[PDB]
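Coordinates in review
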Amino acid sequence: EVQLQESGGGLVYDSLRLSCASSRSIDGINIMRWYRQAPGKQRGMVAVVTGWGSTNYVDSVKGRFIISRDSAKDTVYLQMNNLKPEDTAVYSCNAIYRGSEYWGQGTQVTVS
Amino acid sequence: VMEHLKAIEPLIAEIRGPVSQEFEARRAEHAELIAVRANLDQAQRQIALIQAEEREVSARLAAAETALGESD
Amino acid sequence: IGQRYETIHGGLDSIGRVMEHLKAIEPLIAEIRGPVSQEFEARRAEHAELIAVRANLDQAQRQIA
Amino acid sequence: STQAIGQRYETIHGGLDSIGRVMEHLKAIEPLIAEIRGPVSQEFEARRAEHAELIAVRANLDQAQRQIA
Amino acid sequence: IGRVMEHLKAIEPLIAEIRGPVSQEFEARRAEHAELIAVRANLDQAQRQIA
């Protein structure tokens, strides 16, 4: 019954962050993930961290996404620039427990 | 007759989903629940054995304060 | 389940509206053989009778000759 | 939840299948009824012309009987 | 095309009488969905009990 909250989307051509907050069940989590869904397509991984917090991503953001973890805030961050016209999409998060998965809200992204 | 049906019927698809997904998401709890039904039964095992155990404790409890007066 | 009651409306759209359609194409049919009711029939005399005038034209010709 | 599992599969295909068929009785209704306008209100245009072209023949029906006169 | 009228008016009434019973079938487990969670309290009762 875990709930997670993103933020950081906005209109932008540079610097625009992503904040994926946390109000319940902090850091006592297994692996958690981010999704984005490019237009007319399904969803998929982009970048994840773990309890081990190993930083891995999806090839489209090599050196162009960096992922991190707090214990206290439980709110991964990133970088989103060096931009590509395909960057126009909706970004999100994910988390999972005990055999159940939980999405986030999911928010839009501007490349311009 | 088709333009609305080429709109309404495709829309019908994904208005099943999230609530139906929530149903399979809610019954993911049931995935535990139809599985974790027996946890009481295994719990019901120890509630008597320890009760059987503390009886020996209770039986041994008498062994405790009674030897007080007899030795005295 | 709030889900399907809405999905029923999606079906509820198809229930009457479709049948509300073709029965109204039934008068639209009436204007599909209706101009035909002025076409197939009123072509006929033209498809029938003005050949007689050519013969009447032909009637002139042997009168001419 | 096989009943809950199998229902979405059936309806989605139930949804996805019957929808396709009904377009082709539409997508065939505009072309096969298009020609009732095209070659058949041509039968208008030809006949709207056919009156006038045999009118020159309706003209032809009485030059003769006075040119012979 | 007239057939689809009566062909469907047998088809929509079916799922309409097929959707609802799913909901009550859902409504059934929905009742048991909560209860075993409340039964976990009995389990948690023993959990709290044993110590």
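Conventions adopted
- Residues numbered from 1 in each chain as written, not as in the entry; some residues may be left out.
- Chains lettered and ligands numbered in written order.
- Part of a larger assembly, values for the part shown.
- Heavy atoms only, no water.
- Helix = DSSP H or I, 4+ residues; strand = E, 2+ residues; numbered from the N terminus.
- Rg over C-alpha atoms; globule rule 2.2 N^0.38 Å.
- Buried < 20%, exposed > 50% of the residue type's maximum accessible area, 1.4 Å probe, protein only.
- Areas by Shrake-Rupley, 256 points an atom, 1.4 Å probe, with all protein chains shown as cover.
- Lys, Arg positive; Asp, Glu negative; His and termini not counted.
- Charge placed at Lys NZ, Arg CZ, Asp CG, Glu CD.
- Contact = heavy atoms within 4.5 Å.
- Buried area = accessible area lost by both parts, 1.4 Å probe.
- Salt bridge = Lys/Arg side-chain N within 4 Å of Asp/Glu carboxyl O.
- Polar contact = N/O pair within 3.5 Å; in protein donor to acceptor, adjacent residues only side chain to side chain.
- Expected span 1.5 Å × (residues − 1).

Method-wise, the PDB entry is recorded as coming from cryo-EM, at a reported resolution of 5.8 Å.

Moving on to the overall build of chain E. For chain E, the helix and strand inventory stands at two helices and zero strands. The C-alpha atoms of chain E give a radius of gyration of 22 Å, which is well past the 10 Å a tight globule of 51 residues would have. Put simply, chain E has 51 residues, and 22% of those count as buried. Element-wise, carbon and sulfur atoms account for 63% of the exposed surface of chain E, whose accessible area totals about 3400 Å². Charged side chains in chain E number 7 positive and 8 negative. The centres of these two groups are separated by 5 Å.

What follows covers the overall build of chain A. Secondary structure summary: chain A contains zero helices and nine strands in total. Scanning chain A from its N terminus toward the C terminus, one meets helices and strands in the order β-β-β-β-β-β-β-β-β. Its C-alpha atoms give chain A a radius of gyration of 13 Å, near enough to 13 Å, the size a compact globule of 112 residues would have. C-alpha extents for chain A along the principal axes are approximately 40 × 25 × 25 Å. Buried positions account for 38% of the 112 residues belonging to chain A.

Out of seven pairs of chains that touch, the pair holding the most contacts is chains B and E. Chain A makes no contact with chain D; the smallest distance between any of their C-alpha atoms is 16 Å. There is a clear gap between chain A and chain E: no contact, and 13 Å between their nearest C-alpha atoms.

Chain B puts 17 residues into the contact, and the matching count from chain E is 14 residues. Roughly 1300 Å² of surface becomes buried between chain B and chain E when both sides are summed, with 67% attributable to carbon and sulfur atoms. It is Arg27(B), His30(B) and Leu33(B) in chain B that bury the most area against chain E; as a group they hold 35% of the surface buried on that side. Inspection of the chain B/chain E interface yields one salt bridge. For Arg40(E), the salt bridge identified is with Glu32(B), shortest N-O distance 3.0 Å.

Here the focus is the side chain of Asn81(A). All names here are of chain A. Tracing the sequence through the fold places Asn-81 in the loop between β5 (56–57) and β6 (89–91). At 2.3 Å, the side chain of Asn-81 forms a polar contact with the backbone oxygen of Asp-14. Engagement of the side chain of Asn-81 in a polar contact is seen with the backbone nitrogen of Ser-15, the distance being 3.3 Å. Among all residues touching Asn-81, those that are not within four sequence positions of it are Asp-14, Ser-15, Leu-16 and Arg-64.

A few words on the pattern of salt bridges. Applying the stated rule across the entire model yields 14 salt bridges over all chains. Close ionic contact of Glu22(B) with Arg26(B) constitutes a salt bridge, the shortest N to O distance being 3.2 Å. One end of the pair is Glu22(B) and the other is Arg26(B), both in helix α1 (residues 5–33) and four residues apart, which spans about a single turn. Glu22(B) gets classed as partly exposed once you look at its relative accessible area, which sits at 32%. According to the relative accessible area criterion, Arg26(B) is partly exposed, its value standing at 30%. A salt bridge links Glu25(E) to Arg29(E), with the shortest nitrogen-to-oxygen separation between them at 2.7 Å. Placement of both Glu25(E) and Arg29(E) in helix α2 (residues 12–50) is noted, with a separation of four residues, approximately one turn of the helix. Residue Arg29(E) is classed as partly exposed on the basis of its relative accessible area of 27%. Several salt bridges converge on common partners, so that one network encompasses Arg36(A), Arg64(A), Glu86(A) and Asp87(A).

So, about α2(E). Counted at 1.5 Å a residue, the expected span for α2(E) with its 39 residues is 57 Å, and the 57 Å between its end C-alpha atoms agrees. Three or more residues of α2(E) are buried, namely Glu12(E), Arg19(E), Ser23(E), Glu25(E), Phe26(E), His33(E), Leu36(E), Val39(E), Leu43(E) and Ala46(E). Among the structural elements, α1 and α2 (39–71) of chain B, α1 (2–30) of chain C, α1 (2–26) of chain D together with α1 (2–8) of chain E are those in contact with the buried residues of α2(E).

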